[PDB]
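Single-structure report; data block below.
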Amino acid sequence: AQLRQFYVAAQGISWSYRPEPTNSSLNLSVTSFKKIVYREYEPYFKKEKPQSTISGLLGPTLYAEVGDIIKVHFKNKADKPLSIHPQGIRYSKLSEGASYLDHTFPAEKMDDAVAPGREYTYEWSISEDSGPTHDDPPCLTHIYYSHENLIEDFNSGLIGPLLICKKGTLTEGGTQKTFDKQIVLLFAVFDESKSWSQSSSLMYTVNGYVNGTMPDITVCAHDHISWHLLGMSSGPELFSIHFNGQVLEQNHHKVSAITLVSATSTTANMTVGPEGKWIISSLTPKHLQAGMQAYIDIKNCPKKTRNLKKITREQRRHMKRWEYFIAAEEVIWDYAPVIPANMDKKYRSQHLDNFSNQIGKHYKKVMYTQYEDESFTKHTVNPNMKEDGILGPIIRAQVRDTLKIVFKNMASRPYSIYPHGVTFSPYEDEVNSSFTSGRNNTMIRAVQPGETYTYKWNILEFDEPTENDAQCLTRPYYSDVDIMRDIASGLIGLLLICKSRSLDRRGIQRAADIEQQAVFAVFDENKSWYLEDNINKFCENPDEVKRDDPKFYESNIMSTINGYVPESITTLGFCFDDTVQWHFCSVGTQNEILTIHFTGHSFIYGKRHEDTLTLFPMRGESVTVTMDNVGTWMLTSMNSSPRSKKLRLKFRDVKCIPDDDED
Amino acid sequence: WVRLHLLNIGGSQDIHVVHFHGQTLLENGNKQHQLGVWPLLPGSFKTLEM
Amino acid sequence: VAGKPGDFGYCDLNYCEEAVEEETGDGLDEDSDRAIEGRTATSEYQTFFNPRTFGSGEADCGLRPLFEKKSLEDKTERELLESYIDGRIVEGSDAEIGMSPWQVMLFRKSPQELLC
Amino acid sequence: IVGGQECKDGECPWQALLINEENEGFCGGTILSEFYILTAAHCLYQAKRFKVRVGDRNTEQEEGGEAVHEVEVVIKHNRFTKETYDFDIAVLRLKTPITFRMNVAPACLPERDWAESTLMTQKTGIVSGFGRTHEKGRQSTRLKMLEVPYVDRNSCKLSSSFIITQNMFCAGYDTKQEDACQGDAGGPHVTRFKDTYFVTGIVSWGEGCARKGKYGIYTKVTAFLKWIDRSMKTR
Ligand SMILES: *[C@@H]1O[C@H](CO)[C@@H](O)[C@H](O)[C@H]1NC(C)=O
Ligand SMILES: *[C@@H]1O[C@H](CO)[C@@H](O)[C@H](O)[C@H]1NC(C)=O
């Protein structure tokens, strides 16, 4: 209800994108300068209100509860006749701020282009409609943008956070009374080509800083963060940031990795963990080319009065030490199981040094070989993993459960697991076991060839699975010694974050089929960690890397399905009256969302039924299928792009042939 | 009140955050949230109320 | 109180109220999954009284001389829990003789009836 | 029969009252032929001596059509295990010939393919018997019937702390107090199709009677139609 007299002025800034000039001083950076970004000013534009160092290019955060009227005086100090246009506010044409063929009056057009050096009071009366609703977090996220040039203004700047919160929770400063802190997150692909000055700026920008040069962030422990994740960019850009060590809530859904695209504004929650700096980055391949390195320091502040609510159980019900001995071991492998290359690796080599047809591909991967003997010599885990490739063994990890991981490295390189989307839980706390964490408290020993050490993994009562989720949520894991080349190698695995009750580590609810994994991951063997020995020593070509190629950059790259190429996978088959509980994982560098489809048969999505499910990179998808149509049917893809086109599994359906019952 | 039935059909990640000039959407579901715009996710069918 | 040495009387005072179901296991630690019907048990009993002060009949309770001394799963009415196929429709339709060996039924010198 | 209402005279003819040594129904009975009665194989653990008083309409008093029939022998499934929750079915060959009359007409097997394609694919199903009139209410004095709807497989799986096998299917209401109860031990539960009721199964177990979030754990009749026939011809 309060009358918000806001004073903001656009102004070109010779932005450095560096956190500070450093001891070298000066500003010799990318030629992205004179960036017109509006900044908040004192009442009557006495002077520009100071901006956060983290909010380098980020503009004035404009929180607003319902009922307010915002007297946004915009002195267009930038020398261009400009405008500012909101997105989701039912405004009036006098403060429309958007010029088009609305056939309106000049008084309702002056907003659409305000003269430079001229104050325009962009007034908008907020309403209860323009505010968070029921089942809605206490704040909502929006954007006001320069409608003068929706193409060039963004790259030239003119960006500012827009937030709308409920009454009561909103403070005078804009924080939530229920939230210890509020955090705003932004990414951009700032290009000087479509800017005021012209340059070929492929340089990527997290907030105001380039390719992972953020000044680090310090957050006290047990701090209720009301996050504000904003992803905007000119073209279609995916921002697949994983909160390493944190799980966030979006629309009553809990996920550790926050995958977003351009023009995405989001808010979430987290109560800050115990201790240790952390880094978050986008899983997009181009965001891997760039930094997007937002270092955040989770710190156990004594000046925080760590609540220690201890509203928990802390007891061995639902618990067991669950010693998963998944010691890493170098293996030979074939992407195509042309022969029935199933039943793990008993007859290992069996090869001919030929990348095609029979064994001889010699894709010398390094499996997470499961064991139960302490010495890890005998495999001791040889399950009925028929028609299964290099796949991490499933851990039916119930809520708040505990489990032990011990690695012995039977491979030429040091290795150590990264639980992605599982690290959100309190990890094995380390004070002497910091290892090569990168100062991010990632207890990553990178176990040397033949070395052995232990993981003490245990999750607390908070879980990714939720009533607005599935019984078990799919979260994978992989290595850390070299993400790109080792994912290109055979270093990947997966478990389940289970809210399940009747499982006992045996089966989530052993009444529906539990076939789960669909991993159309793309592996380039000319990108693998064992590129050298695999490609060179054990192929039908000389010992060159052969990146340059007719198609060997394309031959050695392949969108295999769970370690098996699509062309050499046998058809599925099940009998009727069955429900198949799936836990998918779209992890491959698809660069294009894929839409699977079941002929006749349909999916489930909470209550919704899909029958055609789109997929997103590096995300686990756990649903069931009501297989209700007899005969063979297609696990086909509707995108059907020639890149990953031959993806259709002829899963059969018959009326359960076995008559059983003895006679 | 008018119901939305905007759809997207596979293709190649053709996403579109449909801006509305002074309009606010409404989620139609078990939660019934309110939206400003929506990214047109390929392979997905979206229904809302306006 | 007065009268019999050891007779007990309760001072007039108020008392609080508590709830039990809201707690899960705690230091209990018995199982990881859930199961409600179909369980068998055999063990001993720990007493709270001095054996010299109670004599015979102290550490033998909670059982039956016929049904539980032999430690055998017994007939229909107790089968409701133990039968895995049965949890709601057992309905033995009768309560035969001796199903409550530890229940008392009083008479008075008044016409035959139970007061309390 | 939690809630529900009485079977009208003749509405539930195959329904039988398995009278035990005290001649009070310890189980729900199902007339199968002139010499056969159907009950769940759990009923075999509850018997000293027992007969079949077909045509009974009131446990209070004899009110017409009550003919006492004696079970010749029980066809218990050899794979019948309580832990499996499965094969809880006991065909009761009778010494006394069943006299097809008022309130005496059995339920016979349809086509197995048609039964699978039609019976378990129906919407609701009708359960009858001298059952507990409520979740714990007193046993139905009259022969009371009730109708319950089908439940999806996943709903039954989440609604049960135990296995929901390839055969067993939930049927009832999420929170409404109406279902089979104590008194429907092997109590015939049927499903209408053109006035020809088809026994789609009988509750075996479950948490309470029509409890909140709970359902009757019925047995897929279509699953063992071949075994039902082979036990019809057995003993
Ligand atoms: C804060 O996290 C808690 C965890 O249970 C959750 O209840 C709440 O919804 C979160 N807040 C927001 C705004 O998501
Ligand atoms: C810096 O940004 C450029 C933009 O293309 C990228 O290629 C490069 O890898 C980035 N460097 C780091 C260290 O993130």
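Sequence positions for chain A are given in Swiss-Prot numbering; the residues included correspond to 29-691, in order.
According to its header, this structure was worked out by electron microscopy, 6.5 Å.
Any Cβ shown, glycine's included, is placed from N, Cα and C.
In summary, of the candidate residues A:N468, A:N667, the record from Swiss-Prot lists N-linked glycosylation site for A:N468, whereas the others have no such entry there. For A:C684, the disulfide partner named by Swiss-Prot among A:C567, A:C603 is A:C603. Checking A:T299, A:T623, A:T640, A:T652 against Swiss-Prot, you find phosphothreonine recorded for A:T640. Of the listed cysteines (A:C193, A:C329), only A:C329 is recorded by Swiss-Prot as the disulfide partner of A:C248.
Within the set of recorded positions A:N239, A:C526, A:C603, A:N239 have a CB atom less than 6 Å from some atom of ligand 2. Taking a Cβ cut-off of under 6 Å from any atom of ligand 1, the recorded positions A:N55, A:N297, A:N460, A:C603 reduce to A:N297. Taking A:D139, A:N239, A:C329 as the recorded positions under consideration, the smallest Cα distance to A:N55 (N-linked glycosylation site) is found for A:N239. In sequence order, A:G388, A:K389, A:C567, A:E568 are the residues of the chain that are 6 or more apart from A:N382 (N-linked glycosylation site) and have a CB within less than 8 Å of its CB. Distance noted between the C-alpha atoms of A:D139 (Ca(2+) binding site) and A:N239 (N-linked glycosylation site) is 36 Å. Among the recorded positions listed (A:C193, A:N239, A:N297, A:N460, A:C526), A:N297 has its Cα nearest to the Cα of A:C248 (disulfide bond).
Of all the disulfide-bonded residues given, namely A:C248, A:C500, A:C526, the one with the smallest number of surrounding CB atoms inside 10 A is A:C248. Proximity to chain B (Cβ-Cβ under 8 A) holds for A:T640 out of the recorded positions A:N51, A:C248, A:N297, A:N460, A:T640.
In sequence order, the recorded positions near chain D (CB to CB under 8 A) are A:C684, out of A:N55, A:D139, A:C193, A:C684.
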